[PDB]
Each structure stands twice: as C-alpha cells, then as structure tokens.
C-alpha cells in the first residue's frame, strides 16, 4: 500500500477528469456558471497533488476554534443583518465548537444561558433577540443551544408550558405551521416545531395532527421535498421534511425510493460536494442538508427490514465529500465556507463541519465504521442526524425532559 505520509485522493485520480461538465456544445447561464466553478475547483484540487506525493489533508481546528471563540462573544456590524437571528448564531457557533470537541467554559455557558433567557418571549418560544417576537427559527436554535450546554440550569430556562401554547398558536388546520404569528408557512416550521417539541417532551396527540400528510404533499415529481406543496425539490426543505417525519415516526408517508435517488443525485460528480437543487452550484452548507438525509434514510429503511442496506457506509461518497470540504471549504484565517472565492461566515462553518462529521461516521445497530480522511486529528465528534447536536446531548436532554409531564396534559 502507501506510506503513512501520502494518501491517494479520489478527486486526484486521473479518471476524475472525465467527470468534468459535458455541455453538449449548448451553452446556457447554468452550464456557464457550472463550468466556471469546476475550473476553479480543479485548480484547488491540483494544489494538493505533488505528482505521486499526496500529503494528508488537514482540518485547521485551531484556526476554526479561535474564529468561533471570538464570535461567541462579539460580532462586527457586518452581522447587523442577523440581529433577528442571535440565538441562531449562538447555536451555529456552539455546535461548531461541540463538533471540534472544544470545551465551553462554565462562565461562557452561564452567559449564553442568561442571554437566551432574555430572548425568551412571555408568550412562549424565543425571538431573534431580547424583546423580539418569538419565531420558530430562533426557538429551534435556542433549544438546541441549551441542550448542547446540557446543564440543568440550561434545561430549566425553557418555559415548557408557554412553549407548547406557542406551538399551538402557530398550528394550521391543514397540518402546517406558521414560522411566527402572522408569518409565512413552509416545511421549515414543521421541523422546528417537531424538534423542540420532541426534545422538551411537550408533544400532544393533536399537536401534529395532519402534519405528516402535509409534509408528504411537499415531496414532488423529483423525489425531493419543496418548501410547500408544488414547489421545487430543495435540500434544505427536504432535510426539514424528512427529519420532521422521522421524529413523528411517519417516514413511510413518503416515497423513500424516489427521495433516495434524488438526494444521491445531488452529490456533484466533479466537486464531490452537494448542490441544493438539480442544476445549481455546489455549496459547502449542503454538505449537511443533503448528506444528512442518508443517515435518516438508512434508519428509515432499516426499520422496514431492508435486507440490502450497507452495514458500513452511508449511500453517498463519504470520501469525496470530505475531500471537497477539506480542500475547498476552509478559510486559511479560520472558519469555513460555501466554495472557493466566497467569504467565511458562522452558518457555513456550522454546516460544513456538521456535514464533515456525518461523512466520517457511520453507525447502525451495533455496527460502527469510521472513515476519517487525512490526519487522524481531523476526526470530529459525531452529530445526531435529526437534531444536529451531539447524540449524547440528545439522549441527555430527552431523558431529562421525559421526567417532566406534558404541560397540562395526560
């Protein structure tokens, strides 16, 4: 085989050049943009090859850590556009640190808890900042952040009685949920609601009545899921849809065959990463939204007794995704991003890392099989495919809240 200091890469194989776009001599905006990205990516790939010498890939953990540590405390005015998503920023940063196995000082943990408490609304749920109306996005993020901290102090911050009332206040008769009072409706809400309701043990038999059916209506001719019935299949909305159904134990409401074929088709043959929609560009954040669907589908099919399922790999190219993330999505100054040429941000840092962890770790039943590309130190902590926080954090939180009654219900 190869010496330990050289590791052959899929993206560097000579035959990999055959995977370049074939535009059939018919140019459109779509093919032109795709070709431009592939050209840049090939240049990047080649920079990691020195003829037969191919040094192991390195995740710049320390650089990422310092960037995250600073962001958790202060942000430049460049983030004014996210002033209504602060609990969300907290989650992105904390989950990134969690994946990197970077401890959270007790003081920082308490400060986060106090801040999220200030974001909690008297009517239930959390807003994008102190005094803001509650919204399912920051609510989902706040709950996840508190669970990552995992202390009784963090858990108890959540006003469970009002949270359940708040979810009821957003529930529509057709099974869908508004993102906030007087707000828009799409599959993101069903996932946010299912996520926080299941973690905090506040699910009632009627809360999600009709929700599974509404989500199934969102799956389209492509096999993927759109934001609302009729819309184009999209990785973000598909993750939300399937994850919510898994929580509701209603995955069978979907055509899992067309969904599986659709998501696997979203991995780019040349880049190795995933696109959000068919015929659109690769993007590091879809490393999670799309790739995260494979562990969910694996579980779904496994529950059905599928005898053909792998006992060692997810149904996507785990190595290629790792190659795309490690070679193309790291900012030398720390942080991760969409693709070469784009600037870093905490959102991409969170999801590029989340996707990398999914690609490195396979687990099913009593079987565990890791594939950590590059130096061993690249190994990230595992992440739960449904909630996207540590599996340990999920178990600890669910066990804690299961000891509490469902607010005003039996």
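Positions refer to the first chain, counted from 1.
Here the stretch with the larger average CA B-factor, out of 95-103 and 315-323, is 95-103. Relative to one another, 112-120 and 259-267 have unequal mean CA B-factors, and 112-120 is the one with the higher figure.
Across the options 209, 283, 184, 232, the residue with the most elevated CA B-factor in the record is 209. Sorting 73, 135, 277, 86 by the CA temperature factor given in the entry leaves 73 at the top.
Ranked within its chain, residue 399 lands in the highest third, by CA B factor from the PDB record. In the PDB entry, a CA B factor belonging to the lowest third of its chain's modelled residues is recorded for residue 222. In this PDB entry, the Cα temperature factor of residue 162 sits in the middle third of its chain's modelled residues. Per the deposited record, the Cα B-factor of residue 355 falls in the lowest third when ranked against the other modelled residues of its chain. Per the deposited record, the Cα B-factor of residue 244 falls in the lowest third when ranked against the other modelled residues of its chain.
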